[PDB]
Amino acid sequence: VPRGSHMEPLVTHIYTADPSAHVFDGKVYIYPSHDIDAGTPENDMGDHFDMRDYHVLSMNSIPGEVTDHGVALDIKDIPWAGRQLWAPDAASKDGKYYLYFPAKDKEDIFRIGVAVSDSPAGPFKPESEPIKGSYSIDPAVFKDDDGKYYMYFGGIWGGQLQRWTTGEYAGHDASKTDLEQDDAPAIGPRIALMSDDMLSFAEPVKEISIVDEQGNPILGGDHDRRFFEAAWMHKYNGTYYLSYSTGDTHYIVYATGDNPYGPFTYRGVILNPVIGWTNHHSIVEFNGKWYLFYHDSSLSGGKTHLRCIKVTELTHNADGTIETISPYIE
């Protein structure tokens, strides 16, 4: 049956989260986390998110029937991974398809790995080790118009980004939150140009600067605006749009810049808070319309770790501003 017409759950037979939507072969392919009711301890490090595989979804139209392509990747087959298959993304280059995924290694440190297929629907063969120089969570692999591909990544608190300031992991007894210096600039998300073969980074990882309208850095204490997790990049009318979740304040916000590396100027809210703690999205153009894919905990009756993906139309103004979406109005 067709789905996606009135902000209803796109699938109900499994729980799904963190949707990364792409247009491949004229279809919408969605790469979400597959939530399961593991019953693991709930805490601020996210141990309650205990996912173990990925399913690829696809739609030929929006609204449309949603196809579940089965298990695209299983944690048991990822040689380096210990636990926790968190928010993934995919990319397409030269007829190969790449699934990028955050997981904890055997030392309980989040890294980002890649798995490879000849189909957007998978299944995918994981590389034996994670990407060298990767860390933390929430990859978004963005193809710019010039054919260059960039990985945006990072998440604070349970995502461990705050433990990576030196290029080496600070340890399990290091900060559980952020820099703990609210008058310093907030931690920024990470970017690296991808290698030609899509398996590695082509440069040292860079941190992205996010500033306010006056050009001042967004500060660590500004939880309404500062980066938490779920980075996403899209381009519209020559402008680069870095969008992301603010975590404990539950917004998807966006900031604009003139190149992939920023700096990005905070503009406003994309998506107001949903049912359930997390808020995670993607923004994609399909048949000349822009869509926001997102999730909530509505299907599970409000369980933060049992989510369902949804979609709605997103409206850019010609001046580059985006109309804020409030999820439960209309």
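Quick note: we count residues from 1 along the sequence shown, nothing fancier.
The PDB entry records a higher mean C-alpha B factor for 168 to 176 than for its counterpart among 168 to 176 and 238 to 246.
The mean C-alpha temperature factor is higher for 194 to 202 when 194 to 202 and 131 to 139 are set side by side. Between the residues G268, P263, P32, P41, the entry's highest C-alpha temperature factor is the one at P41. Taking the PDB entry at face value, the top CA B factor among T315, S20, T312, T12 belongs to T12. Among the modelled residues of its chain, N287 has a C-alpha B-factor that falls in the middle third, as given in the PDB entry. Annotation for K27: CA B-factor lies in the highest third of the chain's modelled residues.
For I75, the recorded CA B-factor ranks within the highest third of the chain. Only modelled residues enter the ranking. Annotation for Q214: CA B-factor lies in the highest third of the chain's modelled residues. Per the PDB record, residue ranking by Cα B-factor puts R111 in the middle third of the chain.
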